[PDB]
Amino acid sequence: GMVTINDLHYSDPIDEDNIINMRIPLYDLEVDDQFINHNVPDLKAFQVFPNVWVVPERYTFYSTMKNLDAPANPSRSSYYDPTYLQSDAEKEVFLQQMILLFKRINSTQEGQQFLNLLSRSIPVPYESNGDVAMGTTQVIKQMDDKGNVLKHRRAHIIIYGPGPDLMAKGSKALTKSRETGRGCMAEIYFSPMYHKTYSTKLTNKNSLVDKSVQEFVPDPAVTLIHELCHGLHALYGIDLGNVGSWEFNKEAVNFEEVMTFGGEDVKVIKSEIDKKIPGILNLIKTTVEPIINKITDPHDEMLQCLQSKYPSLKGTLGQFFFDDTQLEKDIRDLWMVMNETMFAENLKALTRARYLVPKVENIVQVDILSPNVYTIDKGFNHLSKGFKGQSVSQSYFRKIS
């Protein structure tokens, strides 16, 4: 409906356009006097729509994520398999699964708007003596076959496979700009095939769920959206990870998880959010207004992208200033509209009522490319009421242990 999901396949050759050889963003990460990721291979990467890249490789780029074998005390909801995503055939499956998920998200107007937002929400650039331009942390390196850089490419969201634990999913904001008002790209680590399941008792009381459903599997497009929403916050420089936390039901859940998950729990932390909001908005004003007002060319594309990312940003060349009420409204709208709960409703899939869970029922494997399992329009519920296509009992969900 607005972005187009490119039809790419793993075996398609590098074309230096949508299919590139990518050097990882954290290639030069120094942790504790070690260059953690030196000599990691350059990776085949697929731009599935502007500035969103899929890389069918295991995420092994923090030092906690280097060993694919199980640790000493593995969680009961973890699963380890060093061979997952090692062959080219598996990378194609992964790429095709990711493409199907994006098409699902793109199946409604709200998901179209979301993907557009990811596509266009540039991190704010740096001033360079008159010249506003992208900094080195705001681009990925496109490489030849020999370790030389051919050029620098924009990236907003990079999706990789899981780390050691096939079941774990998440968003890694590249830099501290995630919370400074400037923003940064996010690396997501995600398996479309390996999922945790939840009791329907964890679903809210209003839920339309069939009574034969004891235990359900989340729609992988909705789970992907959860992580893309962290992504989006990182692009807007409004990550709430260090802004505060709340103790539920107890255990501590940071504001970033709460606002991302959506639903009722948002009301509990609202008073705390409202104290902090002025500061966040001010970091936004303070970061973007000086930058944009350096641009002396009215046809500058940065100008346009900034005004498009922040419609609250008004004025004329050299003299752009936020509308303070509007910017507050628009940021709050990001959280209120773009969150997991709202996207579950929007794609009509069952999710749970609360981010924190007491336990996982099962861990399962499912291939959404297989015949009769998953459609763009309905995910697991093609021709099902009460979300029955998401019950663990379906032939397409295999329990692991």
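Residues carry their position along the shown sequence, with the first being 1.
- The stretch of deposited sequence separating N204 from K205 contains no residues lacking coordinates in this entry.
- The question of which stretch, 98-106 or 299-307, has the higher mean Cα B factor is settled in favour of 299-307.
- Here the stretch with the larger average CA B-factor, out of 209-217 and 76-84, is 209-217.
- Of all the options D165, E264, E90, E227, the entry's greatest CA B-factor is assigned to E264.
- Take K141, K270, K196, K169 and read off each C-alpha B-factor from the entry; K270 has the highest.
- Per the deposited record, the Cα B-factor of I14 falls in the middle third when ranked against the other modelled residues of its chain.
- In the PDB entry, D33 places in the highest third of its chain by CA B-factor.
- When the modelled residues of the chain are ordered by C-alpha B-factor, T375 sits in the middle third.
- When the CA B factors of the chain's modelled residues are split into thirds, the value for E127 lands in the highest one.
- In the deposited entry, the Cα temperature factor of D324 sits in the top third of values across the chain's modelled residues.
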